[PDB]
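One chain comes next, on its own, written as structure tokens: the form deposited in one PDB entry.
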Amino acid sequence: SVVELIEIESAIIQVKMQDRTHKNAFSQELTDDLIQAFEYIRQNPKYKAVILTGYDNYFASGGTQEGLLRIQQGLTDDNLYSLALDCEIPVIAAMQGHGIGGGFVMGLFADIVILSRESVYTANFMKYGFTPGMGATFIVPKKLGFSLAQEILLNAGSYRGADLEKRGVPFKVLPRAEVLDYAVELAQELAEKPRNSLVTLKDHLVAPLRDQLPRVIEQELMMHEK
């Protein structure tokens, strides 16, 4: 056996993956032993928590080279904001400078957004008295999370990239001077993939956005008009 089961205290079960030969890749052995380990847990209602762990410097390695090869062989005022979104291939919004209002929102529709620490970012629609447009009300909560989006959108405040970074955004935030160079490097790493794989994957990741954006725009239009 390549999975060891260790009880800790009364009701804790540790599942320790130890396929040293394969560094916890999914050999036949690790696969079978993992399934049996979870089946054993399922048959035992003493346990209240499971610790799944690896050994040494390996948690789990994924498909072995031969297992991947087996699969390979078969054994196994209404448009511009969404330009990035409708683009077939990945778009990096390298916002080396300020992104204000619809300019910010336009960039938020890119697959990868990079900010600059010194620049100003704002969904400032409500500063003019208007409810937000250009799909702001959809793309802000979707990229920045529901809670930060309520603040951004209700208040239309201005944040430096450095503020957003301290608030916890998922975007890479860099000094202005480094923004482009980081984007070109990331673009180079992206271009190492087959173009069909990039498009196939982006189509699947952004389908709910492409599907739901039109109705959000309609609701945003109805908010104007009131």
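Sequential numbering from 1, following the sequence displayed. For the two forms, the rigid core is made up of the largest set of C-alpha atoms that agree within 1.5 Å on superposition. Only residues modelled in both forms are compared.
What comes next is about the form deposited in another entry, which does not appear here.
Large C-alpha shift between the shown form and the other one, rigid core held fixed: of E178, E39, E185, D163, this applies to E39 alone, with a displacement of 2 Å or more. When the rigid core is held fixed, the Cα atom of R20 travels 2 angstroms or more between the shown form and the other one.
After superposition on the rigid core, displacement of the C-alpha of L205 between the shown form and the other one stays below 2 Å. Core-superposed comparison between the shown form and the other one: the Cα of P194 travels less than 2 Å. A change of 3 Å or more separates the two forms for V169 and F59: their C-alpha atoms lie closer together in the other form. Residues present in both forms were considered; between the shown form and the other one, the rigid-core fit shows Cα displacements of 2 Å or more across three or more consecutive positions only at 1-67.
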